[PDB]
2 protein chains.
Amino acid sequence: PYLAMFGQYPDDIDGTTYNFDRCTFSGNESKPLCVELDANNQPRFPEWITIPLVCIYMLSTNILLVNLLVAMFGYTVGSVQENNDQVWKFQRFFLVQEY
Amino acid sequence: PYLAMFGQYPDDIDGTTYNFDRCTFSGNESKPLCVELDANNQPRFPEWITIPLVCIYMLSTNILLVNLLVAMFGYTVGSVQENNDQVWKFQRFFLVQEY
Ligand SMILES: CC(C)CCC[C@@H](C)[C@H]1CC[C@H]2[C@@H]3CC=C4C[C@@H](OC(=O)CCC(=O)O)CC[C@]4(C)[C@H]3CC[C@]12C
Ligand SMILES: CC(C)CCC[C@@H](C)[C@H]1CC[C@H]2[C@@H]3CC=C4C[C@@H](OC(=O)CCC(=O)O)CC[C@]4(C)[C@H]3CC[C@]12C
Ligand SMILES: CC(C)CCC[C@@H](C)[C@H]1CC[C@H]2[C@@H]3CC=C4C[C@@H](OC(=O)CCC(=O)O)CC[C@]4(C)[C@H]3CC[C@]12C
Ligand SMILES: CC(C)CCC[C@@H](C)[C@H]1CC[C@H]2[C@@H]3CC=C4C[C@@H](OC(=O)CCC(=O)O)CC[C@]4(C)[C@H]3CC[C@]12C
Ligand SMILES: FC(F)(F)c1ccccc1-c1cc(C(F)(F)F)c2[nH]c(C3=NOC4(CCCCC4)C3)nc2c1
Ligand SMILES: FC(F)(F)c1ccccc1-c1cc(C(F)(F)F)c2[nH]c(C3=NOC4(CCCCC4)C3)nc2c1
């Protein structure tokens with residue numbers, strides 16, 4: 001999910017896209033466990049629950065949240081522009097007196 | 001089209017890029033139907049109609065719309081900053097009295 005915000009889309013969520021080469025049935029390996037199967041040896045997850053969930057998650061993370069953060073940063077830089085100059089001037093005394 | 005905003009570019013829009021392995025001629029399969037062919041067994045779509053359409057769609061979605069949303073969020077956070085404090089203070093009474 002952390003990578004999902006950087007444009008990476010989960011792969012093991014669609015039966016068609018899912019590939020069994022990556023996964024392993026047992027734990028004696030270094031790749032993720034395979035999806036739970038059925039008596040017919042096919043993926044069992046409904047596939048109409050995961051896709052909308054991922055769509056909503058990606059919409060919330062990639063787009064809305066970053067835009068909100070941009071807005072907050074804009075307001076913050078606008079609000080405290082003048083006080084930052086005074087703070088920098090105050091610290092300039094220490095910076096100059098250091099040498 | 002929903003995924004198209006997350007940076008994914010459609011593949012079955014260019015004759016060179018289009019691959020027949022994914023598609024299926026008949027419906028007895030779990031992958032999308034193949035593009036309509038011609039008497040010579042080649043893709044039939046003009047290829048000069050789809051590409052500009054996709055370019056315009058991607059330009060509208062990925063870039064313009066999200067930037068507009070960012071602008072709206074910035075204006076909204078700027079406008080209602082003071083009233084939000086009063087609303088939070090009002091709800092603080094209920095939050096404190098809950099316990
Ligand atoms: C505000 C909008 C733009 C955001 C959400 C729109 C779509 C991205 C979502 C909403 C409901 C979703 C659909 C809900 C159910 C299904 C059927 C699903 O196929 C199955 O259910 C078969 C299940 C099986 O084979 O076991 C494939 C995706 C689809 C069309 C989902 C794909 C994406 C849809 C259209
Ligand atoms: C069947 C599947 C594919 C779709 C449904 C699964 C989730 C997408 C549902 C389950 C619980 C739902 C959530 C229940 C509570 C909330 C909080 C709500 O926002 C708030 O917390 C503020 C409410 C307010 O302003 O008063 C927005 C929707 C959300 C995430 C709901 C949206 C959709 C959720 C996550
Ligand atoms: C404001 C600008 C920056 C946005 C649009 C610019 C280009 C991305 C678009 C505008 C018109 C498009 C062109 C319209 C027609 C064609 C020819 C097309 O090839 C064919 O028509 C052959 C058809 C066939 O083989 O059957 C390949 C793409 C190209 C150059 C299109 C590719 C992209 C172009 C240059
Ligand atoms: C031959 C192919 C490859 C290019 C042409 C196909 C589409 C790109 C054309 C067909 C109809 C056109 C649309 C007709 C109407 C509108 C609405 C217009 O914006 C408005 O609705 C507001 C108008 C106003 O401000 O008065 C912007 C262009 C658009 C999307 C036009 C732009 C280009 C469209 C989508
Ligand atoms: F910037 C932002 F915050 F996105 C946002 C900006 C502008 C307007 C609304 C929101 C918002 C707020 C909340 C809430 F206030 F409720 F937290 C949201 N919650 C969710 C989801 N909940 O669960 C999901 C993740 C876990 C899987 C199920 C889906 C996404 N999307 C929200 C969007
Ligand atoms: F933020 C935004 F809105 F993008 C936008 C922001 C700033 C200036 C203009 C726009 C805008 C407005 C409209 C309209 F107001 F007309 F709706 C647009 N329409 C379209 C397209 N129409 O159809 C397409 C999708 C379907 C396939 C054909 C191409 C894209 N791009 C627009 C850009």
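Return a yes/no flag: does the range B:52-66 have any residue that is at negative phi and within 16 Å of ligand 5 (Cβ to nearest atom).
Of the residues in the range B:52-66, the ones at negative phi are B:52-66.
Filter once more, so that each one left must be within 16 Å of ligand 5 (Cβ to nearest atom): B:65-66.
Yes, there is a match, as at least one residue in the range B:52-66 is at negative phi and within 16 Å of ligand 5 (Cβ to nearest atom).
From B:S60, B:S79, grab the single residue that is surrounded by fewer than 10 Cβ atoms within 10 Å (Cβ to Cβ) and either of a type in the set (S, T, Y) or touching a residue at least 60 places away in the same chain (Cβ under 8 Å) (or both).
Numbers: B:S60 fails: surrounded by fewer than 10 Cβ atoms within 10 Å (Cβ to Cβ).
From the options B:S60, B:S79, the qualifying one is B:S79.
Any residue at all in the range A:54-76 that's under 30 Å from B:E82 (Cα atoms) and away from every other protein chain (no Cβ under 11 Å)?
Taking the range A:54-76 and keeping what is under 30 Å from B:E82 (Cα atoms), we get A:59-76.
Then keep just the ones that are away from every other protein chain (no Cβ under 11 Å); that gives A:60.
Looking for residues that are under 30 Å from B:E82 (Cα atoms) and away from every other protein chain (no Cβ under 11 Å), one finds at least one in the range A:54-76, hence yes.
Could we say that B:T61 is more than 16 Å from ligand 1 (Cβ to nearest atom) and hydroxyl-bearing (S, T, Y) here? Before you say what the answer is, go through the steps one by one.
On the way: more than 16 Å from ligand 1 (Cβ to nearest atom): no; hydroxyl-bearing (S, T, Y): yes.
Spelling it out, it is not the case that B:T61 is more than 16 Å from ligand 1 (Cβ to nearest atom) and hydroxyl-bearing (S, T, Y).
Test of understanding: among B:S26, B:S30, which residue is within 12 Å of chain A (Cβ to nearest Cβ), surrounded by fewer than 13 Cβ atoms within 10 Å (Cβ to Cβ), over 22 Å from the mean Cα position of the chain (by Cα) and without any contact (Cβ under 8 Å) to a residue 60 or more places away in the chain? Quick ask: steps written out before the conclusion?
Numbers: B:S26 fails: within 12 Å of chain A (Cβ to nearest Cβ).
Every option except B:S30 fails the conditions.
Every number here is computed from the coordinates shown, using simple stated rules; none is lab data. Cβ: placed from backbone, ideal geometry, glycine included. Neighbour counts: every protein chain shown.
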